[PDB]
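*Asks:* What follows is start_34.csv, CSV, C-alpha atoms (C1' of nucleotides).
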chain,number,residue,atom,x,y,z
W,358,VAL,CA,-27.7,7.3,-6.6
W,359,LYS,CA,-27.5,3.9,-4.8
W,360,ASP,CA,-29.8,2.3,-7.5
W,361,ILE,CA,-27.5,3.8,-10.1
W,362,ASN,CA,-24.1,2.7,-8.8
W,363,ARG,CA,-25.5,-0.6,-7.6
W,364,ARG,CA,-26.6,-1.4,-11.1
W,365,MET,CA,-23.2,-0.2,-12.2
W,366,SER,CA,-21.4,-2.6,-9.8
W,367,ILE,CA,-23.7,-5.4,-11.0
W,368,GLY,CA,-22.7,-4.7,-14.6
W,369,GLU,CA,-19.0,-4.6,-13.8
W,370,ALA,CA,-19.2,-7.9,-11.8
W,371,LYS,CA,-21.0,-9.5,-14.7
W,372,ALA,CA,-18.3,-8.3,-17.2
W,373,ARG,CA,-15.6,-9.6,-14.9
W,374,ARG,CA,-17.5,-12.9,-14.8
W,375,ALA,CA,-17.5,-13.1,-18.6
W,376,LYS,CA,-13.8,-12.3,-18.9
W,377,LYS,CA,-12.9,-14.9,-16.3
W,378,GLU,CA,-14.9,-17.4,-18.3
W,379,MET,CA,-13.2,-16.7,-21.6
W,380,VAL,CA,-9.7,-16.5,-20.2
W,381,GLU,CA,-10.2,-19.8,-18.5
W,382,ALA,CA,-11.3,-21.1,-21.8
W,383,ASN,CA,-8.1,-20.1,-23.6
W,384,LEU,CA,-5.5,-21.0,-21.0
W,385,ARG,CA,-4.9,-24.0,-23.3
W,386,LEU,CA,-4.1,-21.7,-26.2
W,387,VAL,CA,-1.6,-20.0,-24.0
W,388,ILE,CA,0.2,-23.2,-23.1
W,389,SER,CA,0.2,-24.1,-26.8
W,390,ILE,CA,1.9,-20.8,-27.8
W,391,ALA,CA,4.2,-20.9,-24.8
W,392,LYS,CA,5.6,-24.4,-25.5
W,393,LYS,CA,7.7,-23.0,-28.2
W,394,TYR,CA,9.8,-20.5,-26.2
W,395,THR,CA,10.8,-23.4,-24.0
W,396,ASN,CA,14.4,-22.8,-23.1
W,397,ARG,CA,15.3,-19.2,-23.9
W,398,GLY,CA,16.2,-18.5,-20.3
W,399,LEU,CA,12.8,-18.0,-18.7
W,400,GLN,CA,11.1,-20.8,-16.8
W,401,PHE,CA,8.0,-22.4,-18.2
W,402,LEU,CA,5.4,-21.1,-15.7
W,403,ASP,CA,6.8,-17.6,-16.1
W,404,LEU,CA,6.0,-18.0,-19.8
W,405,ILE,CA,2.5,-19.3,-19.3
W,406,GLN,CA,1.8,-16.6,-16.7
W,407,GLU,CA,3.0,-13.7,-18.8
W,408,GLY,CA,1.1,-15.2,-21.7
Z,1,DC,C1',75.9,54.6,19.4
Z,2,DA,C1',73.1,57.6,15.4
Z,3,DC,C1',72.2,58.1,10.5
Z,4,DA,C1',72.2,56.2,5.7
Z,5,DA,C1',70.8,52.4,2.4
Z,6,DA,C1',69.8,46.8,0.7
Z,7,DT,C1',66.4,43.2,1.9
Z,8,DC,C1',62.3,41.1,3.8
Z,9,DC,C1',56.4,41.1,4.2
Z,10,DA,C1',51.9,43.1,2.8
Z,11,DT,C1',47.8,45.1,-0.8
Z,12,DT,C1',46.2,46.5,-6.2
Z,13,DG,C1',45.4,44.9,-9.9
Z,14,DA,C1',44.9,42.6,-13.7
Z,15,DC,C1',44.7,38.1,-16.2
Z,16,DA,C1',44.3,33.3,-17.5
Z,17,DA,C1',42.7,28.7,-16.4
Z,18,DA,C1',39.1,25.9,-14.4
Z,19,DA,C1',35.1,24.4,-12.8
Z,20,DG,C1',29.7,24.4,-11.9
Z,21,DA,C1',25.9,25.1,-14.7
Z,22,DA,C1',22.7,25.4,-18.4
Z,23,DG,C1',20.9,24.8,-22.6
Z,24,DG,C1',20.7,22.5,-26.9
Z,25,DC,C1',21.3,18.0,-28.9
Z,26,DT,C1',21.0,13.4,-30.1
Z,27,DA,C1',21.4,8.6,-29.2
Z,28,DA,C1',18.6,5.4,-26.8
Z,29,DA,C1',15.1,3.4,-24.1
Z,30,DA,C1',10.4,2.3,-23.3
Z,31,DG,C1',5.4,2.1,-24.9
Z,32,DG,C1',1.7,0.5,-28.0
Z,33,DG,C1',-0.5,-1.9,-31.6
Z,34,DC,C1',-0.9,-5.4,-34.8
Z,35,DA,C1',-7.8,-9.7,-36.8
Z,36,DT,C1',-7.5,-16.8,-42.4
Z,37,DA,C1',-6.3,-20.1,-38.0
Z,38,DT,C1',-2.4,-22.0,-33.6
Z,39,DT,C1',-5.8,-25.2,-28.0
Z,40,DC,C1',-2.5,-30.5,-21.8
Z,41,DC,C1',5.1,-29.8,-20.7
Z,42,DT,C1',10.1,-33.6,-21.2
Z,43,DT,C1',24.9,-46.3,-3.1
Z,44,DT,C1',24.6,-48.0,0.9
Z,45,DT,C1',23.8,-47.6,6.1
Z,46,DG,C1',21.4,-45.9,9.7
Z,47,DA,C1',17.8,-43.4,12.1
Z,48,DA,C1',13.3,-41.5,12.7
Z,49,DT,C1',8.6,-41.0,11.1
Z,50,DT,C1',4.5,-42.7,9.3
Z,51,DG,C1',1.3,-45.8,7.9
Z,52,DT,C1',0.2,-51.1,8.8
Z,53,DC,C1',-0.8,-55.2,11.1
Z,54,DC,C1',-1.0,-58.1,16.1
Z,55,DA,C1',-1.7,-59.1,21.1
Z,56,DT,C1',-4.9,-58.3,24.0
Z,57,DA,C1',-8.0,-56.7,27.3
Z,58,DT,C1',-12.4,-55.6,28.0
Z,59,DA,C1',-17.5,-55.2,27.0
Z,60,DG,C1',-21.8,-56.9,25.3
Z,61,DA,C1',-24.4,-61.1,23.9
Could you render the structure from this file as structure tokens?
*Replies:*
Amino acid sequence: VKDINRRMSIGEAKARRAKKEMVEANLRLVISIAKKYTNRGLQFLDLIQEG
DNA sequence: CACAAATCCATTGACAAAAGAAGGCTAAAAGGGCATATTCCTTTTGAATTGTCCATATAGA
């Protein structure tokens, strides 16, 4: 059981590593799309964070 | 000063309005899911502290 779920946790940590990688890649895309909603009442970092 | 009658306070009872609820409804409020490609924002005055040289005293050569 410990071999099983340890392999499981390895796989999950690797997936989280990949997703961290890609999202850090595309933060720029988010700033690009978030520029345009600039002054509709919500601060800028609120927009980039919810993006 | 006793006996005969009109005038009061209490229950029966029913009856209508009123409210607490319950269901049935409908307006509305909140999720979820979108795949040609989108990649870095728009006036002084004074005091106190902090970071910068200066006097200087001492320790080795």
*Asks:* Residues of chain Z within 10 Å of chain W, using only C-alpha atoms (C1' of nucleotides), as a ChimeraX atom specification?
*Replies:* /Z:38-41
*Asks:* Between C1' of residue 32 (chain Z) and CA of residue 399 (chain W), what distance in Å does the model show, to one decimal?
*Replies:*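 Straight-line distance from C1' of residue 32 (chain Z) to CA of residue 399 (chain W) works out to 23.5 Å.
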*Asks:* Please report the interatomic distance between CA of residue 408 (chain W) and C1' of residue 31 (chain Z) in Å with one decimal.
*Replies:*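 Between CA of residue 408 (chain W) and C1' of residue 31 (chain Z) the gap is 18.1 Å.
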*Asks:* Between CA of residue 393 (chain W) and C1' of residue 36 (chain Z), what is the distance in Å, rounded to a tenth?
*Replies:*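 So the answer is 21.7 Å.
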